[PDB]
Amino acid sequence: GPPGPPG
Amino acid sequence: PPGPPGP
Amino acid sequence: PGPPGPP
Amino acid sequence: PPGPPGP
Amino acid sequence: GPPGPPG
Amino acid sequence: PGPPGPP
């Protein structure tokens with residue numbers, strides 16, 4: 001899947 | 001699915 | 001799952 | 001998420 | 001994530 | 001999490 005959100 | 005939120 | 005988001 | 005308040 | 005606030 | 005803010 002796509003990268004997760006910025007922290 | 002998307003990766004997790006970042007640090 | 002995708003990679004973590006960036007910091 | 002954002003980093004903590006600074007010193 | 002982004003930098004935290006100035007202290 | 002992101003880095004601390006500056007002093």
# chains A, B, ... in the order shown; residues from 1 in each chain; ligands from 1
call {"tool": "closest_atom_pairs", "arguments": {"of": "chain F", "to": "chain B", "cutoff": "10 Å", "atoms": "only C-alpha atoms", "output": "CSV"}}
result
residue,atom,partner,partner_atom,distance
F:1,CA,B:7,CA,3.8
F:2,CA,B:7,CA,6.4
F:3,CA,B:7,CA,9.4
call {"tool": "write_last_selection", "arguments": {"atoms": "C-alpha atoms", "output": "CSV table (one decimal), in the first residue's frame"}}
result
chain,number,residue,atom,x,y,z
F,1,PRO,CA,7.0,12.2,16.1
F,2,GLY,CA,8.9,15.1,14.7
F,3,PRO,CA,11.9,16.7,16.4
call {"tool": "closest_atom_pairs", "arguments": {"of": "chain C", "to": "chain E", "cutoff": "10 Å", "atoms": "only C-alpha atoms", "output": "CSV"}}
result
residue,atom,partner,partner_atom,distance
C:5,CA,E:1,CA,8.6
C:6,CA,E:1,CA,6.5
C:7,CA,E:1,CA,3.8
call {"tool": "decode", "arguments": {"residues": "chain B", "atoms": "N, CA and C atoms", "output": "PDB file, in the first residue's frame"}}
result
ATOM      1  N   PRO B   1      -3.150  -1.910   2.160  1.00  0.00           N
ATOM      2  CA  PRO B   1      -3.609  -0.717   2.883  1.00  0.00           C
ATOM      3  C   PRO B   1      -2.431   0.211   3.140  1.00  0.00           C
ATOM      4  N   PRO B   2      -2.751   1.462   3.491  1.00  0.00           N
ATOM      5  CA  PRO B   2      -1.706   2.436   3.845  1.00  0.00           C
ATOM      6  C   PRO B   2      -0.855   1.951   5.005  1.00  0.00           C
ATOM      7  N   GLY B   3       0.383   2.397   4.974  1.00  0.00           N
ATOM      8  CA  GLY B   3       1.295   2.267   6.095  1.00  0.00           C
ATOM      9  C   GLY B   3       0.824   3.086   7.264  1.00  0.00           C
ATOM     10  N   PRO B   4       1.524   2.903   8.378  1.00  0.00           N
ATOM     11  CA  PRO B   4       1.137   3.597   9.617  1.00  0.00           C
ATOM     12  C   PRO B   4       1.577   5.065   9.611  1.00  0.00           C
ATOM     13  N   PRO B   5       0.945   5.855  10.505  1.00  0.00           N
ATOM     14  CA  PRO B   5       1.435   7.212  10.763  1.00  0.00           C
ATOM     15  C   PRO B   5       2.904   7.132  11.140  1.00  0.00           C
ATOM     16  N   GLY B   6       3.620   8.157  10.721  1.00  0.00           N
ATOM     17  CA  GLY B   6       5.027   8.276  10.975  1.00  0.00           C
ATOM     18  C   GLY B   6       5.366   8.658  12.388  1.00  0.00           C
ATOM     19  N   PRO B   7       6.658   8.653  12.709  1.00  0.00           N
ATOM     20  CA  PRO B   7       7.125   8.995  14.068  1.00  0.00           C
ATOM     21  C   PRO B   7       6.964  10.459  14.413  1.00  0.00           C
TER      22      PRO B   7
END
